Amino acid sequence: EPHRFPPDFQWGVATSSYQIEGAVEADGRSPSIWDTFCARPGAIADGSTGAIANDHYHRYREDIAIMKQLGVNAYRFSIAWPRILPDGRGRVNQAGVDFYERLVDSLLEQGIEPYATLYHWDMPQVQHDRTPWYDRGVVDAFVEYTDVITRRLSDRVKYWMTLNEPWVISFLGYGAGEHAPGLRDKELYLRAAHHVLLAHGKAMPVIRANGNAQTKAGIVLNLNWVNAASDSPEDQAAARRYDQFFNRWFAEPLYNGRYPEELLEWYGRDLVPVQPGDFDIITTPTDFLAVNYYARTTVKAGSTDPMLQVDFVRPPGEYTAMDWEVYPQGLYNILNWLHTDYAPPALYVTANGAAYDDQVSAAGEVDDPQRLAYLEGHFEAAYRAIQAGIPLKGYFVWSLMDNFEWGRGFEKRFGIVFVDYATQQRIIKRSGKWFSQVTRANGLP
């Protein structure tokens, strides 16, 4: 008896616009906050930018043919607000819309279901200058964008994700200074976090009004499995605080209409700009919850991170090139926690994958057995979740192909397809050849 997934299970790959598209000045696109941030010395580890990336804006048809080789029946991508409303608001850039029309039409004629992310971190610079995420006026700016693009594409796109990873947008963007726009302030991070939630919740009815009864939408949360380094009460408390910060800060508002109270107290409750009616907007019912999962994080009491008073421990085990612990049990644990605590009617894993050092062999192949082992372990965790009655409906590997990995630049490769950046050649890795059999078998051998 092989381990077969449900018959209509969605097997996909995931990307985002700035990480793959390139053509950053093409067809009316304006600079995003990432075009700006890549100029800052020290922001990108290898000094690179996303100006060219995978040149997917031009090569999308070739990428779709790769997806047909991989056997996926779903593709998760993002739309670039700077291509749709290059002035942030106001005049629709027809040529920008036209790209995503051509992309979606090409996917649907290959039988690949489109899963469109509205915001994956590439706000137009001209809009950020008016409404950073810490300014409540960002919410209506994002809803106007949502309205424009959902009006055009909703005849063909059924599955919509509002914002990709609120924790990253707010904390790395405004609290740690690691992502665009590169600010580092507790209050700015907490305002941004709140406004991300409100933007989600006000976009939900717009998506639903522009669609039909088949339309499904939800948010994407990054979640990792958190573990205490010891059982000293101070390490237990530090793990709990980290789990509240990373995993519960957005989930508790979305389902229960509250922040994690003891962390809210620790920060200073008045720093969160909550207005009456906000939790009623944030809790607007969704069709699914999407999860991006990578690792187990082990926390002790310490002062490495001064904001939370925690340090990290690396348990003995296997690690990726990103020094992220490989812990597939954690995926099962996360899905099971969400199911039991929040009961979302459907779950998707919208990103899971690994970066390992890849090399093209003399024969032109890319042999990545560690990445293959990573994926096999996490697909097994997913299968166990389904057998336990968790309504997991789909799984998207991060990523289709090697791409710009934000503050790591091009030096970290997450694809199941290798990209030679000198030539734009795509080579399916060994992991991608294995995945090609998983999607077709609808399960593990």
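We number the residues from 1 along the sequence you see.
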Going by the entry, of stretches 106-114 and 252-260 the one with greater average Cα B-factor is 106-114
Averaging only over Cα atoms, indicate whether 398-406 or 65-73 has the higher B-factor in the PDB entry.
65-73
Identity of residue with top Cα B-factor, from 233, 177, 330, 82
233
Between 165, 135, 185, 280, which one tops the list for C-alpha B-factor in the PDB entry?
280
For residue 370, the third of its chain by CA B-factor is the middle
Within-chain third of residue 391 by Cα B-factor, per the entry:
middle
Among the modelled residues of its chain, the C-alpha B-factor of residue 160 falls in the third labelled lowest
Please place residue 423 in the lowest, middle or highest third of its chain according to the CA B-factor in the PDB entry.
highest
Going by the entry, which third of its chain does the Cα temperature factor of residue 437 land in?
highest
